[PDB]
Amino acid sequence: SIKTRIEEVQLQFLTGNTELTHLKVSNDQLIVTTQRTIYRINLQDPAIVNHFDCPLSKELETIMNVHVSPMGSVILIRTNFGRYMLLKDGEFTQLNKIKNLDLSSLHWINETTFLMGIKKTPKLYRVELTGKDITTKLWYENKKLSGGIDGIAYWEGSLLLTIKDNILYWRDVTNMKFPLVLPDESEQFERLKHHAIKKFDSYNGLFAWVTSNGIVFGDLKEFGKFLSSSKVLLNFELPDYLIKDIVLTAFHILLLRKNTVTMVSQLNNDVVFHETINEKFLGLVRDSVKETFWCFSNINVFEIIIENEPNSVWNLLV
Amino acid sequence: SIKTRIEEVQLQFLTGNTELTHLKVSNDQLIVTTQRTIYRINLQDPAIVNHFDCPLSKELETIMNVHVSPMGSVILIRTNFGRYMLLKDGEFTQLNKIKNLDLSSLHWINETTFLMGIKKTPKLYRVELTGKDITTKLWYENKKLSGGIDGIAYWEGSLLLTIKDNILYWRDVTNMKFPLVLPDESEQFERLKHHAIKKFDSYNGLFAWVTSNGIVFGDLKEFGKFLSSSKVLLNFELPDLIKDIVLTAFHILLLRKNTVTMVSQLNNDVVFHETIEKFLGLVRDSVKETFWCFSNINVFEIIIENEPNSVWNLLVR
């Protein structure tokens with residue numbers, strides 16, 4: 001039997017005024033940002049709070065996106081003035097080679113490498129960090145399609161992309177011709193036509209994609225029927241029935257709607273948790289190293305504490 | 001810069017009399033055993049201690065081996081009288097189909113499935129738990145070789161086995177003929193000829209094998225040269241007999257008499273070496289990526305900070 005509950009996290013360092021804009025958690029390091037400042041706290045020794053003033057030239061410049069490597073070694077920051085910079089061991093490195101680049105999606109493959117989609121065009125690039133700079137390579141383009149890549153998953157050669165209604169799958173890209181153009185398989189699902197924080201998530205080769213009619217999900221870890229074997233959790237399976245965010249756990253899926261969090265089993269669509277928490281909710285967050293889960297608003301951070309997850313589904317794994 | 005230290009863990013449930021024999025940690029659940037009792041503690045709430053009395057028929061019967069699934073859902077217990085039983089949600093199920101089986105190695109693939117080697121013979125079997133019982137399938141045999149399988153690693157179809165001096169590798173077993181017999185590649189390294197707690201470990205597709213001259217290690221995540229591309233940390237690279245080995249994300253933990261050494265996988269740098277009653281194992285929580293070591297009286301946490309950050313400059317190609 002699974003036990004879930006939500007607990008507020010005390011963030012004294014902030015002050016009654018200051019507002020949160022992003023949260024990431026990696027390897028027990030909690031990373032919160034305001035408009036201009038990046039705070040790092042070791043959850044094993046809270047009370048030590050480090051902070052890093054983003055070196056923002058200009059007055060109206062603020063932090064727009066925060067991308068953290070799976071294990072927390074690198075923090076890639078984008079400002080609303082198009083500047084990209086690495087924050088590493090307390091120092092910022094500017095990446096002038098991509099100034100003003102507009103991304104629709106970014107997905108880390110490891111501590112030095114990520115895949116990125118450019119907005120409004122179906123092109124995917126692999127980016128490798130060298131320390132001072134980056135190298136690039138075109139992985140995918142198809143001009144017959146339109147829209148930007150919104151969803152990216154990669155596991156051991158297997159690649160998954162979403163572009164509007166299309167989900168595109170390659171079994172193993174590693175010995176194929178580049179750039180990739182036509183996938184091994186593709187499916188169409190009526191897309192979610194409304195702004196969300198995220199409509200797609202992956203973890204451990206697992207993937208989940210929010211669409212108009214429900215969530216499509218599966219597991220890249222496992223002929224011509226991969227996509228067709230995907231599972232769905234349909235809207236009428238959910239309590240009180242717009243999904244703003246999604247995060248995968250080992251065996252469940254976390255969904256943010258307005259101000260409620262729902263937890264649903266990946267094995268049989270069972271709703272195991274559903275709860276409510278001026279204050280606007282801004283994301284669901286996973287620490288992929290520690291397998292902990294979080295959500296946050298413009299004023300607060302909360303931990304979604306899960307107990308007995310594996311034990312609760314063992315009978316269904318056999 | 002990496003920060004490592006060792007901290008004793010307070011285990012009140014024990015007291016002066018009874019000794020520890022096994023420790024596993026999985027999904028923040030700490031599992032310690034004595035001769036006859038199994039204790040489970042949630043590290044997030046340590047004052048709640050659950051215990052389970054192993055249903056030991058006979059007086060001289062005690063717990064010999066404890067095998068816990070990667071995420072903690074199942075606890076497989078072997079007694080010194082040959083009995084195998086599952087402990088799950090507070091209840092024991094006997095597995096009479098394998099009573100008196102003698103294993104050289106056991107490696108979990110998932111929460112219901114493990115690979116096992118039988119002692120003194122080069123045969124590997126896949127075992128699947130059904131709840132009440134098991135099913136079996138022969139994965140590998142080769143009668144030309146001798147000794148039991150001592151080391152097993154499996155990642156996404158890739159299989160690694162050690163049999164005495166041989167390390168055997170298959171790229172992808174999933175569409176191959178069973179039983180497996182000849183590997184895609186094989187190498188020989190003079191084996192460690194002395195009892196150890198473990199001579200082989202794997203994690204996240206990473207593998208490490210203690211041999212006479214050093215530790216051979218690598219990464220199944222990545223033609224005909226896989227094994228040859230393995231790295232070595234040689235004995236003369238170490239400060240100052242290796243009894244146990246545990247892989248971390250980017251380092252290797254080694255137990256010797258009563259000292260723990262931590263060595264980098266990326267450049268063999270000794271980043272930690274410290275002394276800490278007989279020491280019985282190194283342990284990893286593969287869900288939480290925490291590390292531990294224990295003796296017959298105490299449990300210690302090996303607390304690591306800044307590991308990824310400490311090696312980032314070396315990850316760049």
# chains A, B, ... in the order shown; residues from 1 in each chain; ligands from 1

$ interface_residues --of "chain A" --to "chain B" --cutoff "10 Å" --atoms "only C-alpha atoms" --output "ChimeraX atom specification"
/A:1,27-29,42,44,69-74,88-89,110-113,128-131,156,221-222,250,288-292,307-315,317-318

$ write_last_selection --atoms "C-alpha atoms" --output "compact mmCIF listing (two decimals), in the first residue's frame"
# COMPACT_ATOMS: atom_id res chain seq x y z
CA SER A 1 0.00 0.00 0.00
CA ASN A 27 21.29 14.93 -6.51
CA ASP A 28 19.68 16.40 -3.34
CA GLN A 29 20.63 19.90 -4.45
CA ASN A 42 21.90 20.91 -0.09
CA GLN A 44 21.16 16.99 3.46
CA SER A 69 21.93 18.33 -15.99
CA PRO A 70 20.49 15.04 -14.73
CA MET A 71 23.03 14.85 -11.85
CA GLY A 72 23.27 18.55 -11.06
CA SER A 73 26.84 19.22 -12.29
CA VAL A 74 25.83 21.95 -14.73
CA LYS A 88 29.34 25.76 -12.66
CA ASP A 89 31.10 25.65 -9.30
CA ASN A 110 24.22 13.19 -19.94
CA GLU A 111 26.25 15.75 -17.98
CA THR A 112 27.78 17.33 -21.10
CA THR A 113 25.27 16.72 -23.85
CA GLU A 128 27.92 19.06 -26.52
CA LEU A 129 29.46 21.32 -23.88
CA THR A 130 33.25 21.70 -24.01
CA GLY A 131 33.58 23.91 -20.88
CA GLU A 156 20.18 3.90 -25.36
CA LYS A 221 13.24 -0.09 -22.52
CA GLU A 222 10.47 -2.29 -24.09
CA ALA A 250 9.06 4.92 -11.21
CA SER A 288 16.15 11.97 -11.12
CA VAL A 289 19.11 10.92 -8.97
CA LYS A 290 17.26 10.64 -5.67
CA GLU A 291 13.82 9.83 -7.02
CA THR A 292 12.13 12.56 -5.00
CA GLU A 307 6.31 5.70 0.50
CA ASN A 308 6.09 2.06 -0.50
CA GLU A 309 5.77 2.67 -4.22
CA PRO A 310 7.52 -0.52 -5.46
CA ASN A 311 5.88 -2.66 -2.81
CA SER A 312 2.48 -1.28 -3.71
CA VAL A 313 2.73 -2.51 -7.35
CA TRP A 314 4.71 -5.75 -6.99
CA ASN A 315 1.67 -7.97 -7.51
CA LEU A 317 4.76 -6.63 -12.09
CA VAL A 318 4.57 -10.47 -12.19

$ residues_around --residues "residue 259 (chain A)" --least-positions-apart "6" --cutoff "8 Å" --atoms "only C-alpha atoms" --output "list in words"
residues 276, 277, 280 and 281 of chain A

$ atom_distance --atom1 "CA of residue 140 (chain A)" --atom2 "CA of residue 104 (chain A)"
14.3 Å

$ residues_around --residues "residue 173 (chain B)" --least-positions-apart "3" --cutoff "12 Å" --atoms "only C-alpha atoms" --output "PyMOL selection string"
chain B and resi 139-140+154-160+169-170+176-184

$ residues_around --residues "region 91-97 of chain A" --least-positions-apart "5" --cutoff "12 Å" --atoms "only C-alpha atoms" --output "compact mmCIF listing (two decimals) with N, CA and C atoms, in the first residue's frame"
# COMPACT_ATOMS: atom_id res chain seq x y z
N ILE A 38 19.90 32.95 -8.16
CA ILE A 38 19.86 31.50 -8.17
C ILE A 38 20.36 31.03 -6.83
N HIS A 51 24.11 31.38 -2.90
CA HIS A 51 23.37 32.14 -3.89
C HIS A 51 24.31 32.71 -4.93
N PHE A 52 23.76 32.90 -6.11
CA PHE A 52 24.54 33.32 -7.26
C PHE A 52 23.70 34.36 -7.98
N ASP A 53 24.23 35.56 -8.06
CA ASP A 53 23.53 36.66 -8.72
C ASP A 53 23.79 36.49 -10.20
N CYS A 54 22.75 36.25 -10.97
CA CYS A 54 22.93 36.07 -12.40
C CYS A 54 23.50 37.39 -12.91
N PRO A 55 24.61 37.36 -13.66
CA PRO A 55 25.29 38.58 -14.07
C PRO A 55 24.49 39.29 -15.16
N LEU A 56 23.37 39.88 -14.76
CA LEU A 56 22.42 40.44 -15.70
C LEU A 56 22.83 41.85 -16.05
N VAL A 74 25.91 20.71 -13.98
CA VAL A 74 25.83 21.95 -14.73
C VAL A 74 24.42 22.57 -14.71
N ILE A 75 24.40 23.90 -14.59
CA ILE A 75 23.18 24.71 -14.62
C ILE A 75 23.26 25.63 -15.84
N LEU A 76 22.38 25.41 -16.80
CA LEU A 76 22.34 26.24 -18.00
C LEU A 76 21.20 27.24 -17.80
N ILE A 77 21.52 28.53 -17.86
CA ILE A 77 20.55 29.59 -17.66
C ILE A 77 20.30 30.34 -18.97
N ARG A 78 19.03 30.62 -19.26
CA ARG A 78 18.65 31.52 -20.34
C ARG A 78 17.93 32.74 -19.77
N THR A 79 18.30 33.92 -20.24
CA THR A 79 17.62 35.14 -19.83
C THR A 79 16.56 35.54 -20.85
N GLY A 82 17.84 36.70 -24.26
CA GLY A 82 18.46 35.75 -25.20
C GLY A 82 19.84 35.23 -24.84
N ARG A 83 20.38 35.64 -23.70
CA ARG A 83 21.71 35.19 -23.28
C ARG A 83 21.65 33.79 -22.67
N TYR A 84 22.61 32.95 -23.05
CA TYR A 84 22.76 31.62 -22.45
C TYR A 84 24.06 31.62 -21.67
N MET A 85 24.02 31.04 -20.48
CA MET A 85 25.22 30.95 -19.66
C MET A 85 25.24 29.69 -18.80
N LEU A 86 26.44 29.13 -18.60
CA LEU A 86 26.59 28.01 -17.68
C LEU A 86 26.95 28.52 -16.30
N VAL A 127 23.77 19.12 -28.90
CA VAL A 127 24.74 20.06 -28.36
C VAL A 127 25.63 19.39 -27.30
N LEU A 129 28.76 20.26 -24.57
CA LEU A 129 29.46 21.32 -23.88
C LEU A 129 30.92 20.93 -23.79
N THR A 130 31.81 21.89 -24.09
CA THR A 130 33.25 21.70 -24.01
C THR A 130 33.88 22.37 -22.78
N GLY A 131 33.09 23.15 -22.03
CA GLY A 131 33.58 23.91 -20.88
C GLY A 131 33.49 25.40 -21.16
N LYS A 132 34.25 25.84 -22.16
CA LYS A 132 34.23 27.23 -22.64
C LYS A 132 33.16 27.46 -23.71
N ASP A 133 32.72 26.40 -24.37
CA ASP A 133 31.95 26.55 -25.61
C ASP A 133 31.14 25.30 -25.89
N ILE A 134 30.61 25.20 -27.11
CA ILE A 134 29.76 24.09 -27.49
C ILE A 134 30.14 23.63 -28.87
N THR A 135 29.77 22.41 -29.23
CA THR A 135 29.78 21.93 -30.61
C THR A 135 28.35 21.52 -30.91
N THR A 136 27.99 21.45 -32.19
CA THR A 136 26.62 21.12 -32.60
C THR A 136 26.61 20.15 -33.74

$ residues_around --residues "residue 248 (chain A)" --least-positions-apart "5" --cutoff "12 Å" --atoms "only C-alpha atoms" --output "PDB file with N, CA and C atoms, in the first residue's frame"
ATOM      1  N   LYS A 198       4.489  21.906 -19.067  1.00  0.00           N
ATOM      2  CA  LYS A 198       5.062  20.841 -19.904  1.00  0.00           C
ATOM      3  C   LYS A 198       3.915  19.964 -20.357  1.00  0.00           C
ATOM      4  N   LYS A 199       4.039  19.398 -21.552  1.00  0.00           N
ATOM      5  CA  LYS A 199       3.102  18.394 -22.042  1.00  0.00           C
ATOM      6  C   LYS A 199       3.773  17.035 -22.218  1.00  0.00           C
ATOM      7  N   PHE A 200       5.056  16.927 -21.871  1.00  0.00           N
ATOM      8  CA  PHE A 200       5.833  15.726 -22.141  1.00  0.00           C
ATOM      9  C   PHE A 200       6.913  15.545 -21.076  1.00  0.00           C
ATOM     10  N   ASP A 201       7.142  14.298 -20.674  1.00  0.00           N
ATOM     11  CA  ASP A 201       8.152  14.016 -19.690  1.00  0.00           C
ATOM     12  C   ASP A 201       8.713  12.658 -19.986  1.00  0.00           C
ATOM     13  N   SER A 202       9.958  12.463 -19.587  1.00  0.00           N
ATOM     14  CA  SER A 202      10.580  11.134 -19.645  1.00  0.00           C
ATOM     15  C   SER A 202      11.486  10.925 -18.444  1.00  0.00           C
ATOM     16  N   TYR A 203      11.713   9.649 -18.114  1.00  0.00           N
ATOM     17  CA  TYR A 203      12.478   9.248 -16.968  1.00  0.00           C
ATOM     18  C   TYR A 203      12.827   7.776 -17.078  1.00  0.00           C
ATOM     19  N   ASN A 204      14.099   7.450 -17.023  1.00  0.00           N
ATOM     20  CA  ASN A 204      14.495   6.065 -16.992  1.00  0.00           C
ATOM     21  C   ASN A 204      14.025   5.339 -18.269  1.00  0.00           C
ATOM     22  N   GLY A 205      13.958   6.033 -19.403  1.00  0.00           N
ATOM     23  CA  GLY A 205      13.386   5.424 -20.636  1.00  0.00           C
ATOM     24  C   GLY A 205      11.852   5.426 -20.698  1.00  0.00           C
ATOM     25  N   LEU A 206      11.198   5.800 -19.602  1.00  0.00           N
ATOM     26  CA  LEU A 206       9.748   5.929 -19.590  1.00  0.00           C
ATOM     27  C   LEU A 206       9.405   7.256 -20.234  1.00  0.00           C
ATOM     28  N   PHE A 207       8.228   7.346 -20.866  1.00  0.00           N
ATOM     29  CA  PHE A 207       7.766   8.589 -21.475  1.00  0.00           C
ATOM     30  C   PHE A 207       6.295   8.759 -21.279  1.00  0.00           C
ATOM     31  N   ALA A 208       5.851  10.013 -21.282  1.00  0.00           N
ATOM     32  CA  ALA A 208       4.460  10.345 -21.102  1.00  0.00           C
ATOM     33  C   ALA A 208       4.181  11.662 -21.779  1.00  0.00           C
ATOM     34  N   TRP A 209       3.041  11.737 -22.460  1.00  0.00           N
ATOM     35  CA  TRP A 209       2.724  12.828 -23.366  1.00  0.00           C
ATOM     36  C   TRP A 209       1.272  13.183 -23.146  1.00  0.00           C
ATOM     37  N   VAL A 210       1.014  14.425 -22.760  1.00  0.00           N
ATOM     38  CA  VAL A 210      -0.346  14.886 -22.527  1.00  0.00           C
ATOM     39  C   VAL A 210      -0.942  15.315 -23.860  1.00  0.00           C
ATOM     40  N   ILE A 215      -3.458  10.953 -21.626  1.00  0.00           N
ATOM     41  CA  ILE A 215      -2.010  10.856 -21.559  1.00  0.00           C
ATOM     42  C   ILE A 215      -1.621   9.593 -22.240  1.00  0.00           C
ATOM     43  N   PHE A 217       1.463   7.049 -22.732  1.00  0.00           N
ATOM     44  CA  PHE A 217       2.703   6.724 -22.065  1.00  0.00           C
ATOM     45  C   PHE A 217       3.184   5.309 -22.352  1.00  0.00           C
ATOM     46  N   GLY A 218       4.475   5.104 -22.098  1.00  0.00           N
ATOM     47  CA  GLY A 218       5.138   3.842 -22.325  1.00  0.00           C
ATOM     48  C   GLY A 218       6.580   3.825 -21.810  1.00  0.00           C
ATOM     49  N   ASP A 219       7.397   3.009 -22.452  1.00  0.00           N
ATOM     50  CA  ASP A 219       8.681   2.620 -21.913  1.00  0.00           C
ATOM     51  C   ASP A 219       9.559   2.209 -23.070  1.00  0.00           C
ATOM     52  N   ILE A 253       2.294   8.386 -12.364  1.00  0.00           N
ATOM     53  CA  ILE A 253       2.363   9.648 -13.063  1.00  0.00           C
ATOM     54  C   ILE A 253       1.710  10.725 -12.203  1.00  0.00           C
ATOM     55  N   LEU A 254       2.430  11.846 -12.051  1.00  0.00           N
ATOM     56  CA  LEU A 254       1.981  12.999 -11.278  1.00  0.00           C
ATOM     57  C   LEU A 254       1.459  14.057 -12.248  1.00  0.00           C
ATOM     58  N   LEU A 255       0.277  14.595 -11.948  1.00  0.00           N
ATOM     59  CA  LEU A 255      -0.395  15.565 -12.814  1.00  0.00           C
ATOM     60  C   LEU A 255      -0.802  16.786 -12.013  1.00  0.00           C
ATOM     61  N   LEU A 256      -0.503  17.953 -12.562  1.00  0.00           N
ATOM     62  CA  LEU A 256      -0.851  19.227 -11.961  1.00  0.00           C
ATOM     63  C   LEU A 256      -2.007  19.831 -12.760  1.00  0.00           C
ATOM     64  N   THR A 262      -2.610  15.054  -8.816  1.00  0.00           N
ATOM     65  CA  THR A 262      -3.174  13.721  -8.930  1.00  0.00           C
ATOM     66  C   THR A 262      -2.037  12.766  -9.212  1.00  0.00           C
ATOM     67  N   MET A 263      -2.057  11.600  -8.556  1.00  0.00           N
ATOM     68  CA  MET A 263      -1.113  10.536  -8.836  1.00  0.00           C
ATOM     69  C   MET A 263      -1.818   9.286  -9.344  1.00  0.00           C
ATOM     70  N   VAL A 264      -1.369   8.817 -10.507  1.00  0.00           N
ATOM     71  CA  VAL A 264      -1.993   7.720 -11.221  1.00  0.00           C
ATOM     72  C   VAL A 264      -0.971   6.623 -11.514  1.00  0.00           C
ATOM     73  N   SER A 265      -1.380   5.370 -11.345  1.00  0.00           N
ATOM     74  CA  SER A 265      -0.531   4.240 -11.587  1.00  0.00           C
ATOM     75  C   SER A 265      -0.287   4.008 -13.064  1.00  0.00           C
ATOM     76  N   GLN A 266       0.959   3.691 -13.416  1.00  0.00           N
ATOM     77  CA  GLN A 266       1.307   3.354 -14.806  1.00  0.00           C
ATOM     78  C   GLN A 266       0.893   1.931 -15.178  1.00  0.00           C
ATOM     79  N   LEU A 284       5.684  20.792 -11.555  1.00  0.00           N
ATOM     80  CA  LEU A 284       6.044  19.537 -10.892  1.00  0.00           C
ATOM     81  C   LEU A 284       7.504  19.324 -11.208  1.00  0.00           C
ATOM     82  N   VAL A 285       8.252  18.773 -10.253  1.00  0.00           N
ATOM     83  CA  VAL A 285       9.697  18.593 -10.379  1.00  0.00           C
ATOM     84  C   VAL A 285      10.112  17.211  -9.808  1.00  0.00           C
ATOM     85  N   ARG A 286      11.028  16.540 -10.510  1.00  0.00           N
ATOM     86  CA  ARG A 286      11.642  15.300 -10.098  1.00  0.00           C
ATOM     87  C   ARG A 286      13.137  15.496  -9.894  1.00  0.00           C
ATOM     88  N   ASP A 287      13.676  14.923  -8.822  1.00  0.00           N
ATOM     89  CA  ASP A 287      15.135  14.718  -8.683  1.00  0.00           C
ATOM     90  C   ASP A 287      15.425  13.335  -9.228  1.00  0.00           C
ATOM     91  N   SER A 288      15.935  13.274 -10.462  1.00  0.00           N
ATOM     92  CA  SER A 288      16.150  11.971 -11.121  1.00  0.00           C
ATOM     93  C   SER A 288      17.261  11.127 -10.495  1.00  0.00           C
ATOM     94  N   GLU A 291      15.198  10.223  -6.864  1.00  0.00           N
ATOM     95  CA  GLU A 291      13.818   9.828  -7.018  1.00  0.00           C
ATOM     96  C   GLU A 291      12.921  10.429  -5.918  1.00  0.00           C
ATOM     97  N   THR A 292      13.020  11.753  -5.813  1.00  0.00           N
ATOM     98  CA  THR A 292      12.134  12.563  -5.000  1.00  0.00           C
ATOM     99  C   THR A 292      11.375  13.502  -5.924  1.00  0.00           C
ATOM    100  N   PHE A 293      10.258  14.014  -5.415  1.00  0.00           N
ATOM    101  CA  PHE A 293       9.282  14.709  -6.214  1.00  0.00           C
ATOM    102  C   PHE A 293       8.801  15.921  -5.459  1.00  0.00           C
ATOM    103  N   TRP A 294       8.504  16.972  -6.238  1.00  0.00           N
ATOM    104  CA  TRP A 294       8.252  18.287  -5.724  1.00  0.00           C
ATOM    105  C   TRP A 294       7.261  19.055  -6.599  1.00  0.00           C
TER     106      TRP A 294
END
